[PDB]
Structures are given as structure tokens and as C-alpha cells.
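Heads up: the protein sequence lines correspond to chains A and B, in order. Here the first sequence stands for residues 1 to 100, numbered as in the numbering used here. Here the second sequence stands for residues 101 to 106, numbered as in the numbering used here. What follows is a set of notes on a single structure, which appears directly below.
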Amino acid sequence: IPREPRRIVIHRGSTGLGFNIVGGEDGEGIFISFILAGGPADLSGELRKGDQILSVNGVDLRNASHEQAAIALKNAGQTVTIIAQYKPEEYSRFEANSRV
Amino acid sequence: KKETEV
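Below is the structure:
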């Protein structure tokens, strides 16, 4: 998978973009934790578990809280342009950490 | 702590 930032356009199904985010706490970034099978994210085939979301419709989320990121994603409209960067090592760092 | 569906 490419590790540089990536531009991804998703067209929203009435239900949603079809993925989950964690992060946006204690200065941590916003990451994709789950991709809903059959959803827009899943069919675009571009987003992955472990992706950090750097911006949505040009709104910088590098320094965002969780709630700020959630509000941005939910309100980004029908055509959502995402800047994402694949960071498996960082995601793993958290996931391992969470297993305690 | 938090996980949100979008």
C-alpha cells in the first residue's frame, strides 16, 4: 500500500460513508478502525483499517479532536474528498496498547 | 475510548 498521502473521493450512500474512526484524543490523529462491508468506503476500495484521515473537504484534521472529526465527516455532504495516509505501525501501536 | 460510525 502507498504510504504517502492519498486523495480519495467517496460518494455517500444514504446510510453513511461506511467506516468507523477512533483517535482524536491526547493529541493522537484520526484513524479508520473498521470498514463496513458493502459500504461506499468498501466499494471505492481505497480506504483501509489503519488509515489516518488528514483532511475532509480540505478541513485539516491532523490536530482534530474525535468529536471535531466526527462532526466534519458527518456533515461533509454527498461528495466527500478525503486526504488519507496509511500508518499501520502507528495504528498497531495503539491496538496493541489497547489489548493491555 | 471512543469509536464512531460515520
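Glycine residues also receive a C-beta, built at the ideal position from the N, C-alpha and C atoms.
Residue 19 (chain A) reaches chain B at 106, counting residues in chain order whose Cβ is nearer than 7 Å. Put simply, the CB of residue 59 (chain A) is far from chain B, with every gap to its CB atoms at 8 Å or more. Restricting attention to A:22, A:62, A:61, the CA atom closest to the CA of residue 92 (chain A) is found in A:22. Residue burial is scored here from C-beta neighbours: residue 51 (chain A) has at least 16 other C-beta atoms within 10 angstroms and is therefore classed as buried. Going by beta carbons, residue 24 (chain A) and residue 65 (chain A) fall inside the 8 Å limit. Secondary structure at residue 73 (chain A): helix, using DSSP grouped into helix, strand and coil. Close to residue 66 (chain A), with beta-carbon spacing below 8 Å, are these residues of chain B in chain order: 102, 104.
Interface annotation, residue 95 (chain A): not in contact with chain B, CB-CB separation never under 8 Å.
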